[PDB]
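Visitor: My structure is in data17.cif, and what it holds is mmCIF, C-alpha atoms and all ligand atoms; chains and numbers go by the auth columns:
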```cif
data_data
#
loop_
_atom_site.group_PDB
_atom_site.id
_atom_site.type_symbol
_atom_site.label_atom_id
_atom_site.label_comp_id
_atom_site.label_asym_id
_atom_site.label_seq_id
_atom_site.Cartn_x
_atom_site.Cartn_y
_atom_site.Cartn_z
_atom_site.B_iso_or_equiv
_atom_site.auth_seq_id
_atom_site.auth_asym_id
ATOM 1 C CA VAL A 1 0.000 0.000 0.000 0.00 3 A
ATOM 2 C CA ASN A 2 1.273 3.466 -0.974 0.00 4 A
ATOM 3 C CA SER A 3 -0.027 7.033 -0.746 0.00 5 A
ATOM 4 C CA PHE A 4 -1.017 7.695 -4.375 0.00 6 A
ATOM 5 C CA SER A 5 -4.702 8.610 -4.763 0.00 7 A
ATOM 6 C CA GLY A 6 -7.211 8.939 -7.587 0.00 8 A
ATOM 7 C CA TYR A 7 -5.246 7.043 -10.249 0.00 9 A
ATOM 8 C CA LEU A 8 -6.812 4.862 -12.907 0.00 10 A
ATOM 9 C CA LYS A 9 -5.180 1.431 -13.066 0.00 11 A
ATOM 10 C CA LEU A 10 -3.982 0.784 -16.617 0.00 12 A
ATOM 11 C CA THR A 11 -2.055 -2.465 -15.989 0.00 13 A
ATOM 12 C CA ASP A 12 -0.683 -4.539 -13.128 0.00 14 A
ATOM 13 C CA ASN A 13 1.961 -1.894 -12.399 0.00 15 A
ATOM 14 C CA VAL A 14 1.037 1.302 -14.312 0.00 16 A
ATOM 15 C CA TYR A 15 -1.392 3.919 -13.029 0.00 17 A
ATOM 16 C CA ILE A 16 -2.393 7.165 -14.788 0.00 18 A
ATOM 17 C CA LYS A 17 -3.954 10.434 -13.579 0.00 19 A
ATOM 18 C CA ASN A 18 -4.688 14.010 -14.665 0.00 20 A
ATOM 19 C CA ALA A 19 -2.471 15.940 -12.260 0.00 21 A
ATOM 20 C CA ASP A 20 0.231 18.580 -12.040 0.00 22 A
ATOM 21 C CA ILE A 21 3.332 16.535 -11.204 0.00 23 A
ATOM 22 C CA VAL A 22 4.624 19.438 -9.096 0.00 24 A
ATOM 23 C CA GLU A 23 1.468 19.458 -6.978 0.00 25 A
ATOM 24 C CA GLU A 24 1.359 15.662 -6.899 0.00 26 A
ATOM 25 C CA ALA A 25 4.969 15.465 -5.710 0.00 27 A
ATOM 26 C CA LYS A 26 4.469 18.150 -3.052 0.00 28 A
ATOM 27 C CA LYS A 27 1.446 16.247 -1.718 0.00 29 A
ATOM 28 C CA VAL A 28 2.710 12.666 -1.968 0.00 30 A
ATOM 29 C CA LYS A 29 6.427 13.321 -1.336 0.00 31 A
ATOM 30 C CA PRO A 30 7.260 10.121 -3.243 0.00 32 A
ATOM 31 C CA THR A 31 10.540 8.292 -2.944 0.00 33 A
ATOM 32 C CA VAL A 32 11.277 9.047 -6.617 0.00 34 A
ATOM 33 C CA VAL A 33 9.953 11.759 -8.919 0.00 35 A
ATOM 34 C CA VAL A 34 11.069 11.510 -12.547 0.00 36 A
ATOM 35 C CA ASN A 35 12.200 14.650 -14.357 0.00 37 A
ATOM 36 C CA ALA A 36 11.905 15.029 -18.136 0.00 38 A
ATOM 37 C CA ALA A 37 15.542 16.101 -18.297 0.00 39 A
ATOM 38 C CA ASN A 38 17.857 17.005 -21.144 0.00 40 A
ATOM 39 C CA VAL A 39 21.495 15.905 -21.428 0.00 41 A
ATOM 40 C CA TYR A 40 22.710 19.223 -19.976 0.00 42 A
ATOM 41 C CA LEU A 41 20.283 19.158 -17.032 0.00 43 A
ATOM 42 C CA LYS A 42 19.172 22.638 -18.107 0.00 44 A
ATOM 43 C CA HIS A 43 15.714 22.782 -16.551 0.00 45 A
ATOM 44 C CA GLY A 44 14.257 25.588 -18.617 0.00 46 A
ATOM 45 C CA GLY A 45 10.745 24.579 -19.552 0.00 47 A
ATOM 46 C CA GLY A 46 8.253 21.805 -19.816 0.00 48 A
ATOM 47 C CA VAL A 47 8.148 19.457 -16.850 0.00 49 A
ATOM 48 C CA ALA A 48 11.796 20.181 -15.998 0.00 50 A
ATOM 49 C CA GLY A 49 11.221 23.927 -15.881 0.00 51 A
ATOM 50 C CA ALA A 50 8.213 23.438 -13.606 0.00 52 A
ATOM 51 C CA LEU A 51 9.940 20.998 -11.228 0.00 53 A
ATOM 52 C CA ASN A 52 12.975 23.255 -10.951 0.00 54 A
ATOM 53 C CA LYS A 53 10.843 26.349 -10.237 0.00 55 A
ATOM 54 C CA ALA A 54 9.119 24.507 -7.374 0.00 56 A
ATOM 55 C CA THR A 55 12.553 23.877 -5.792 0.00 57 A
ATOM 56 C CA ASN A 56 13.376 27.609 -5.883 0.00 58 A
ATOM 57 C CA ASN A 57 16.160 26.797 -8.442 0.00 59 A
ATOM 58 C CA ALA A 58 17.947 24.423 -6.032 0.00 60 A
ATOM 59 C CA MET A 59 17.504 21.614 -8.572 0.00 61 A
ATOM 60 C CA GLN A 60 19.351 23.702 -11.177 0.00 62 A
ATOM 61 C CA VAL A 61 22.189 24.586 -8.778 0.00 63 A
ATOM 62 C CA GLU A 62 22.680 20.917 -7.890 0.00 64 A
ATOM 63 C CA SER A 63 22.443 19.939 -11.565 0.00 65 A
ATOM 64 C CA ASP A 64 25.087 22.455 -12.668 0.00 66 A
ATOM 65 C CA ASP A 65 27.519 21.003 -10.134 0.00 67 A
ATOM 66 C CA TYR A 66 26.692 17.489 -11.381 0.00 68 A
ATOM 67 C CA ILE A 67 27.423 18.448 -15.010 0.00 69 A
ATOM 68 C CA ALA A 68 30.609 20.319 -14.079 0.00 70 A
ATOM 69 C CA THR A 69 31.877 17.100 -12.463 0.00 71 A
ATOM 70 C CA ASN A 70 30.496 14.405 -14.765 0.00 72 A
ATOM 71 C CA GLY A 71 29.690 15.962 -18.123 0.00 73 A
ATOM 72 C CA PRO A 72 26.412 15.529 -19.979 0.00 74 A
ATOM 73 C CA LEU A 73 24.110 12.554 -19.783 0.00 75 A
ATOM 74 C CA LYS A 74 23.365 10.320 -22.771 0.00 76 A
ATOM 75 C CA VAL A 75 20.045 10.480 -24.582 0.00 77 A
ATOM 76 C CA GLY A 76 18.273 7.477 -23.080 0.00 78 A
ATOM 77 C CA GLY A 77 20.264 7.802 -19.849 0.00 79 A
ATOM 78 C CA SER A 78 19.601 9.071 -16.353 0.00 80 A
ATOM 79 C CA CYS A 79 21.080 10.165 -13.067 0.00 81 A
ATOM 80 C CA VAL A 80 19.755 10.176 -9.499 0.00 82 A
ATOM 81 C CA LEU A 81 19.917 13.521 -7.692 0.00 83 A
ATOM 82 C CA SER A 82 18.102 15.047 -4.734 0.00 84 A
ATOM 83 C CA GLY A 83 14.336 15.414 -4.797 0.00 85 A
ATOM 84 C CA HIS A 84 14.639 18.655 -2.776 0.00 86 A
ATOM 85 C CA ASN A 85 11.221 19.631 -1.340 0.00 87 A
ATOM 86 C CA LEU A 86 9.341 17.450 -3.849 0.00 88 A
ATOM 87 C CA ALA A 87 10.542 13.876 -3.239 0.00 89 A
ATOM 88 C CA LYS A 88 13.357 11.945 -1.615 0.00 90 A
ATOM 89 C CA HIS A 89 15.115 11.555 -4.985 0.00 91 A
ATOM 90 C CA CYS A 90 14.744 12.935 -8.485 0.00 92 A
ATOM 91 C CA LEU A 91 15.513 10.532 -11.331 0.00 93 A
ATOM 92 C CA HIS A 92 16.520 12.798 -14.236 0.00 94 A
ATOM 93 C CA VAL A 93 15.731 10.781 -17.384 0.00 95 A
ATOM 94 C CA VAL A 94 16.579 11.945 -20.911 0.00 96 A
ATOM 95 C CA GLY A 95 14.039 10.852 -23.478 0.00 97 A
ATOM 96 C CA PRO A 96 14.740 11.696 -27.115 0.00 98 A
ATOM 97 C CA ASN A 97 13.639 15.181 -28.183 0.00 99 A
ATOM 98 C CA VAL A 98 11.868 14.967 -31.546 0.00 100 A
ATOM 99 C CA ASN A 99 12.235 18.701 -32.036 0.00 101 A
ATOM 100 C CA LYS A 100 16.036 17.925 -32.086 0.00 102 A
ATOM 101 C CA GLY A 101 15.906 14.949 -34.489 0.00 103 A
ATOM 102 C CA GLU A 102 16.826 12.257 -31.947 0.00 104 A
ATOM 103 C CA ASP A 103 15.997 8.589 -32.511 0.00 105 A
ATOM 104 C CA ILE A 104 12.610 7.687 -31.027 0.00 106 A
ATOM 105 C CA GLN A 105 13.896 4.139 -30.505 0.00 107 A
ATOM 106 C CA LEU A 106 15.866 5.604 -27.593 0.00 108 A
ATOM 107 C CA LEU A 107 12.532 6.057 -25.802 0.00 109 A
ATOM 108 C CA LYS A 108 12.589 2.415 -24.688 0.00 110 A
ATOM 109 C CA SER A 109 16.113 2.832 -23.298 0.00 111 A
ATOM 110 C CA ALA A 110 14.940 5.928 -21.412 0.00 112 A
ATOM 111 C CA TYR A 111 12.059 4.028 -19.795 0.00 113 A
ATOM 112 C CA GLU A 112 14.403 1.167 -18.797 0.00 114 A
ATOM 113 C CA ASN A 113 15.893 3.525 -16.202 0.00 115 A
ATOM 114 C CA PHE A 114 12.588 3.324 -14.302 0.00 116 A
ATOM 115 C CA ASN A 115 13.199 -0.379 -13.597 0.00 117 A
ATOM 116 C CA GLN A 116 15.948 0.512 -11.105 0.00 118 A
ATOM 117 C CA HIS A 117 13.299 1.950 -8.741 0.00 119 A
ATOM 118 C CA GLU A 118 10.445 0.066 -7.107 0.00 120 A
ATOM 119 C CA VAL A 119 7.934 2.954 -7.277 0.00 121 A
ATOM 120 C CA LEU A 120 8.030 6.221 -9.244 0.00 122 A
ATOM 121 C CA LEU A 121 5.925 9.296 -9.936 0.00 123 A
ATOM 122 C CA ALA A 122 6.628 10.219 -13.547 0.00 124 A
ATOM 123 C CA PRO A 123 5.573 12.152 -16.646 0.00 125 A
ATOM 124 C CA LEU A 124 5.302 10.509 -20.038 0.00 126 A
ATOM 125 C CA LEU A 125 8.826 10.632 -21.455 0.00 127 A
ATOM 126 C CA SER A 126 9.436 12.532 -24.701 0.00 128 A
ATOM 127 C CA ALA A 127 5.897 14.010 -24.531 0.00 129 A
ATOM 128 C CA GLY A 128 5.112 17.717 -24.481 0.00 130 A
ATOM 129 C CA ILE A 129 7.942 19.893 -25.773 0.00 131 A
ATOM 130 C CA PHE A 130 10.066 16.817 -26.540 0.00 132 A
ATOM 131 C CA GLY A 131 7.790 16.326 -29.550 0.00 133 A
ATOM 132 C CA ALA A 132 6.826 12.644 -29.372 0.00 134 A
ATOM 133 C CA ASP A 133 3.291 11.270 -29.541 0.00 135 A
ATOM 134 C CA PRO A 134 2.145 10.804 -25.905 0.00 136 A
ATOM 135 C CA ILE A 135 0.035 7.787 -26.921 0.00 137 A
ATOM 136 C CA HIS A 136 3.168 6.064 -28.247 0.00 138 A
ATOM 137 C CA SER A 137 5.112 7.054 -25.137 0.00 139 A
ATOM 138 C CA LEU A 138 2.430 5.420 -22.989 0.00 140 A
ATOM 139 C CA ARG A 139 2.667 2.219 -25.039 0.00 141 A
ATOM 140 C CA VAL A 140 6.452 2.079 -24.626 0.00 142 A
ATOM 141 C CA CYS A 141 6.065 2.767 -20.903 0.00 143 A
ATOM 142 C CA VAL A 142 3.630 -0.116 -20.415 0.00 144 A
ATOM 143 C CA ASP A 143 5.753 -2.474 -22.515 0.00 145 A
ATOM 144 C CA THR A 144 9.071 -1.534 -20.828 0.00 146 A
ATOM 145 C CA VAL A 145 8.574 -0.567 -17.180 0.00 147 A
ATOM 146 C CA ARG A 146 8.074 -3.477 -14.773 0.00 148 A
ATOM 147 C CA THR A 147 8.192 -1.505 -11.520 0.00 149 A
ATOM 148 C CA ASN A 148 5.247 0.500 -10.188 0.00 150 A
ATOM 149 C CA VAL A 149 4.810 3.741 -12.134 0.00 151 A
ATOM 150 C CA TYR A 150 2.298 6.496 -11.387 0.00 152 A
ATOM 151 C CA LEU A 151 1.970 8.727 -14.447 0.00 153 A
ATOM 152 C CA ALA A 152 0.897 12.343 -13.920 0.00 154 A
ATOM 153 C CA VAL A 153 -0.552 13.991 -17.032 0.00 155 A
ATOM 154 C CA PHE A 154 -0.957 17.760 -16.780 0.00 156 A
ATOM 155 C CA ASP A 155 -3.355 18.318 -19.686 0.00 157 A
ATOM 156 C CA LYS A 156 -6.900 17.158 -18.934 0.00 158 A
ATOM 157 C CA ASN A 157 -7.803 16.811 -22.610 0.00 159 A
ATOM 158 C CA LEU A 158 -4.690 14.710 -23.193 0.00 160 A
ATOM 159 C CA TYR A 159 -5.402 12.583 -20.121 0.00 161 A
ATOM 160 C CA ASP A 160 -8.884 11.810 -21.415 0.00 162 A
ATOM 161 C CA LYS A 161 -7.482 10.940 -24.844 0.00 163 A
ATOM 162 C CA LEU A 162 -4.785 8.732 -23.299 0.00 164 A
ATOM 163 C CA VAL A 163 -7.312 6.603 -21.407 0.00 165 A
ATOM 164 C CA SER A 164 -9.886 6.247 -24.180 0.00 166 A
ATOM 165 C CA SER A 165 -7.317 4.958 -26.689 0.00 167 A
ATOM 166 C CA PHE A 166 -5.461 2.519 -24.410 0.00 168 A
ATOM 167 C CA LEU A 167 -5.269 -1.093 -25.533 0.00 169 A
HETATM 168 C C1 LIG B . 8.058 18.188 -21.668 0.00 1 B
HETATM 169 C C2 LIG B . 6.805 17.466 -21.249 0.00 1 B
HETATM 170 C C3 LIG B . 6.748 16.074 -21.057 0.00 1 B
HETATM 171 CL CL1 LIG B . 8.209 15.172 -21.320 0.00 1 B
HETATM 172 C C4 LIG B . 5.614 15.372 -20.670 0.00 1 B
HETATM 173 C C5 LIG B . 4.398 16.035 -20.441 0.00 1 B
HETATM 174 S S1 LIG B . 2.914 15.168 -19.946 0.00 1 B
HETATM 175 O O1 LIG B . 3.221 13.826 -19.602 0.00 1 B
HETATM 176 O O2 LIG B . 2.323 15.959 -18.928 0.00 1 B
HETATM 177 N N1 LIG B . 1.858 15.172 -21.265 0.00 1 B
HETATM 178 N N2 LIG B . 1.369 16.299 -21.924 0.00 1 B
HETATM 179 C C6 LIG B . 1.451 16.658 -23.260 0.00 1 B
HETATM 180 O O3 LIG B . 2.052 15.849 -24.013 0.00 1 B
HETATM 181 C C7 LIG B . 0.896 17.873 -23.892 0.00 1 B
HETATM 182 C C8 LIG B . 0.852 18.044 -25.280 0.00 1 B
HETATM 183 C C9 LIG B . 0.320 19.184 -25.876 0.00 1 B
HETATM 184 C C10 LIG B . -0.199 20.212 -25.091 0.00 1 B
HETATM 185 C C11 LIG B . -0.175 20.088 -23.706 0.00 1 B
HETATM 186 C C12 LIG B . 0.363 18.931 -23.145 0.00 1 B
HETATM 187 O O4 LIG B . 0.412 18.765 -21.777 0.00 1 B
HETATM 188 C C13 LIG B . 4.434 17.425 -20.629 0.00 1 B
HETATM 189 C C14 LIG B . 5.585 18.099 -21.011 0.00 1 B
HETATM 190 CL CL2 LIG B . 5.509 19.819 -21.222 0.00 1 B
#
```
Please, can you express the file's structure as structure tokens?
Ligand SMILES: Cc1c(Cl)cc(S(=O)(=O)NNC(=O)c2ccccc2O)cc1Cl

Guide:
Amino acid sequence: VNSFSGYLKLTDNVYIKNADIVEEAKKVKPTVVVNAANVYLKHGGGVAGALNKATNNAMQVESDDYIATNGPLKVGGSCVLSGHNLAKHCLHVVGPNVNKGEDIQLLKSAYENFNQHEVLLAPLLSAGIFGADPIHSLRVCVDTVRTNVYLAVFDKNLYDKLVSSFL
């Protein structure tokens, strides 16, 4: 039993809801919140911009030190950093950005990072400003992630579309 509330059960381990991931994280304080990161951990917009704003820019400060030490992530890769006031940990995961021309096949590799964590609050990877079809992202999520994933979808119209088309 965990503290997530109001989710629709899509599969054995995947749950989906219309929610602002920032507000969901602040309320649930999950062990792991997933950020829709880029390879530079520059949290300017989209989900990353919103998560970073909620930490009063502390996520960005921590991230800049991480990059200065380690260099950029790989597309499809991840790193674990602090969750600040939102979660115990933040798993920064880089899905391919379609508005950059990156290979959508890397979306499966990106979701594989979720399997290192028993329970996660997460957005759909590569959705939104990353340019991929959120329906496809959901399919890859369900077919790749084996741990318990709670997907927060900000847009109510998109949430409704995501449920009604799910196979
Ligand atoms: C960067 C990013 C990611 Cl990676 C994931 C999500 S989401 O999982 O909340 N889905 N939402 C959408 O695709 C969307 C599309 C068109 C208009 C509004 C939308 O909200 C949002 C964002 Cl901005």

Visitor: Name the residues that the PyMOL selection byres (((chain A and resi 129) around 10) and not hetatm) picks from the file above, as an MDAnalysis selection string, using the file's chain letters and numbers.

Guide: chainID A and resid 38 48:49 97:100 125:128 130:140 155

Visitor: Compare A:109, A:162, A:60, A:79 by their minimum atom-to-atom distance to residue A:18, counting all atoms listed in the file, and give me the closest one.

Guide: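 Using all atoms listed in the file, residue A:18 sits closest to A:162.
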
Visitor: Using all atoms listed in the file, which residues sit within 10 Å of residue A:84 once same-chain residues fewer than 3 positions away are excluded, as number ranges by chain?

Guide: A: 34-35, 60-61, 64-65, 87-94

Visitor: With only C-alpha atoms and all ligand atoms as the atoms that count, which of A:70, A:169, A:52, A:3 lies nearest to ligand LIG 1 (chain B)?

Guide: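 Using only C-alpha atoms and all ligand atoms, ligand LIG 1 (chain B) sits closest to A:52.
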
Visitor: Give me the result of the PyMOL selection byres (((chain A and resi 39) around 7) and not hetatm) on this file, residue by residue, as a ChimeraX atom specification.

Guide: /A:37-38,40-41,43,45,50,94-96

Visitor: From the options A:73, A:114, A:107, A:122, which residue's atoms come nearest to residue A:152, counting only C-alpha atoms?

Guide: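 So, comparing all the options, the nearest one is A:122.
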
Visitor: Here's a test: counting only C-alpha atoms, identify every protein, DNA and RNA residue with an atom at most 7 Å from (12.7, -1.1, -14.3) in the file's coordinate frame, and state them as a VMD selection string.

Guide: chain A and resid 114 to 119 147 to 149

Visitor: Calculate how many Å separate atom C4 of ligand LIG 1 (chain B) from atom CA of residue A:5, rounding to one decimal.

Guide: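 Distance reported for this atom pair: 22.3 Å.
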
Visitor: Mind pulling up the distance from atom CA of residue A:42 to atom CA of residue A:63?

Guide: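 Atom-to-atom, atom CA of residue A:63 to atom CA of residue A:42, that is 12.4 Å.
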
Visitor: Is it possible to add N, CA, C and O atoms to stretch 65-85 of chain A and hand it back as a compact mmCIF listing (two decimals), in the coordinates of the input?

Guide:
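Saved the output as result16.txt:
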```
# COMPACT_ATOMS: atom_id res chain seq x y z
N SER A 65 22.21 20.50 -10.24
CA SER A 65 22.44 19.94 -11.56
C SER A 65 23.69 20.53 -12.22
O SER A 65 24.45 19.81 -12.87
N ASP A 66 23.91 21.84 -12.06
CA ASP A 66 25.09 22.46 -12.67
C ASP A 66 26.37 21.89 -12.06
O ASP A 66 27.36 21.67 -12.77
N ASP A 67 26.37 21.65 -10.75
CA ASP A 67 27.52 21.00 -10.13
C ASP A 67 27.70 19.58 -10.65
O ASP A 67 28.83 19.15 -10.92
N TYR A 68 26.60 18.84 -10.83
CA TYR A 68 26.69 17.49 -11.38
C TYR A 68 27.33 17.50 -12.77
O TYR A 68 28.23 16.69 -13.05
N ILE A 69 26.88 18.39 -13.65
CA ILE A 69 27.42 18.45 -15.01
C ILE A 69 28.88 18.90 -15.00
O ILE A 69 29.71 18.40 -15.78
N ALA A 70 29.22 19.86 -14.15
CA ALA A 70 30.61 20.32 -14.08
C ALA A 70 31.55 19.18 -13.70
O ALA A 70 32.70 19.15 -14.15
N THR A 71 31.07 18.22 -12.91
CA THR A 71 31.88 17.10 -12.46
C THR A 71 31.87 15.94 -13.45
O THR A 71 32.91 15.31 -13.68
N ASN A 72 30.71 15.65 -14.04
CA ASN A 72 30.50 14.40 -14.76
C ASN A 72 30.30 14.57 -16.26
O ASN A 72 30.36 13.57 -16.98
N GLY A 73 30.05 15.78 -16.74
CA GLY A 73 29.69 15.96 -18.12
C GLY A 73 28.25 15.58 -18.39
O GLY A 73 27.52 15.13 -17.50
N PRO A 74 27.82 15.76 -19.63
CA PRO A 74 26.41 15.53 -19.98
C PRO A 74 26.00 14.07 -19.88
O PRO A 74 26.81 13.14 -19.99
N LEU A 75 24.70 13.88 -19.67
CA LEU A 75 24.11 12.55 -19.78
C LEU A 75 24.06 12.14 -21.25
O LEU A 75 24.33 12.93 -22.16
N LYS A 76 23.71 10.87 -21.47
CA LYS A 76 23.36 10.32 -22.77
C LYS A 76 21.86 10.45 -22.99
O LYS A 76 21.08 10.32 -22.05
N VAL A 77 21.45 10.67 -24.24
CA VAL A 77 20.05 10.48 -24.58
C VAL A 77 19.69 9.02 -24.33
O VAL A 77 20.38 8.11 -24.81
N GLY A 78 18.63 8.79 -23.56
CA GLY A 78 18.27 7.48 -23.08
C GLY A 78 18.79 7.17 -21.69
O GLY A 78 18.41 6.14 -21.12
N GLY A 79 19.66 8.03 -21.14
CA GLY A 79 20.26 7.80 -19.85
C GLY A 79 19.59 8.58 -18.73
O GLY A 79 18.57 9.24 -18.92
N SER A 80 20.18 8.48 -17.55
CA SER A 80 19.60 9.07 -16.35
C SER A 80 20.67 9.28 -15.30
O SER A 80 21.77 8.71 -15.35
N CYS A 81 20.32 10.09 -14.30
CA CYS A 81 21.08 10.16 -13.07
C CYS A 81 20.11 10.41 -11.91
O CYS A 81 19.02 10.96 -12.10
N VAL A 82 20.51 9.96 -10.72
CA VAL A 82 19.76 10.18 -9.50
C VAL A 82 20.35 11.36 -8.75
O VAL A 82 21.54 11.35 -8.42
N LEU A 83 19.52 12.36 -8.48
CA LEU A 83 19.92 13.52 -7.69
C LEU A 83 18.88 13.72 -6.59
O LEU A 83 17.95 12.92 -6.43
N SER A 84 19.05 14.78 -5.81
CA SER A 84 18.10 15.05 -4.73
C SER A 84 16.71 15.36 -5.28
O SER A 84 16.56 15.95 -6.35
N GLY A 85 15.69 14.99 -4.52
CA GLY A 85 14.34 15.41 -4.80
C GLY A 85 13.96 16.73 -4.16
O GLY A 85 12.83 17.20 -4.36
```
